[PDB]
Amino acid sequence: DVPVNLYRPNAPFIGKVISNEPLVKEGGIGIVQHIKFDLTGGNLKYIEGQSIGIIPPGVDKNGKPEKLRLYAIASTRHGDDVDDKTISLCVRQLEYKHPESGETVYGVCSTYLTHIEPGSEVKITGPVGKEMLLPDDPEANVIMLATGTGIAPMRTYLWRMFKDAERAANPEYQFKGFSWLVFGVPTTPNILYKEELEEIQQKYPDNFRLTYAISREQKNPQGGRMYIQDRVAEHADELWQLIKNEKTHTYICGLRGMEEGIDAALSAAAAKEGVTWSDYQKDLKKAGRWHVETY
């Protein structure tokens, strides 16, 4: 019983922004915002791992109304206030140089979202998605591999697993498994949710492990920027040991470029033991224990 499309793109939920809080500390690169919306009055229900569409105001270059952009939900089903009245997103402002013009360009929806004021009414659709759901089993193991805003669904899992108010609100889900987050961002001030992630590891050293790939402050053994797949390769044998456990789920969220390198580290470790990764991975997919959301 997973609710999907309670509000469709043609008839979105309209809710007010409650707050818009900066996640990149001083010295960091660009802007990433934690935005929380009010759902009271409507009936938008959601669970961890799902996404929502935001429809920004305006029309594109062709005179057509702007389409929805999808964003991973960043709060648990209860919302950040733990009262079932809200929903949060974790949004990067898109900013780039035009290939042949040199001008600074900004994305439409991510600029709209990152500069939104509390009290603004926003078009919301969904929730959508069944690919990234957490298992109900409190004895599952959870491997999370995340670049940038890819942390968003991981935040829904981790908070559900480890937040005081969440543990008090979910008596049927007291997590006892092993949890491992590998998180790739460019700088320390760019570590989204740093303090809260570090708080979790301190309180649950046996249930949660936190590994960073800080791409501009750390180098991989081969001279390059420290990326996710370099952390993966570094712990490849242990991770493969853990993936072989039938209770283990793996979640990948962020850049598609992280996948090729993850498969190569694991293909190597799995071959040491006479197992062809790509076929085993095929089975994991079918059994629904390999979860991928790249964009």
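Start at 1 and count along the sequence shown; that's the residue number.
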Assert higher mean C-alpha B factor (44-52 or 57-65, deposited values) equals 57-65
Between 267-275 and 20-28, point out the one with the higher average CA B-factor as the PDB entry records it.
267-275
Candidate set 220, 120, 179, 114 [ranked by C-alpha B-factor, highest]:
220
Given 99, 107, 126, 184, the residue at which the Cα B factor reaches its maximum:
99
Ranking every modelled residue in this chain by its Cα temperature factor as given in the entry, which third contains residue 249?
middle
Assert third(CA B-factor, residue 103) within chain per record equals middle
Within-chain third of residue 202 by Cα B-factor, per the entry:
highest
Looking at the C-alpha B-factor of residue 81, is it in the lowest, middle or highest third of its chain?
highest
Could you place residue 243 in the lowest, middle or highest third of its chain by Cα temperature factor, using the values in the record?
middle
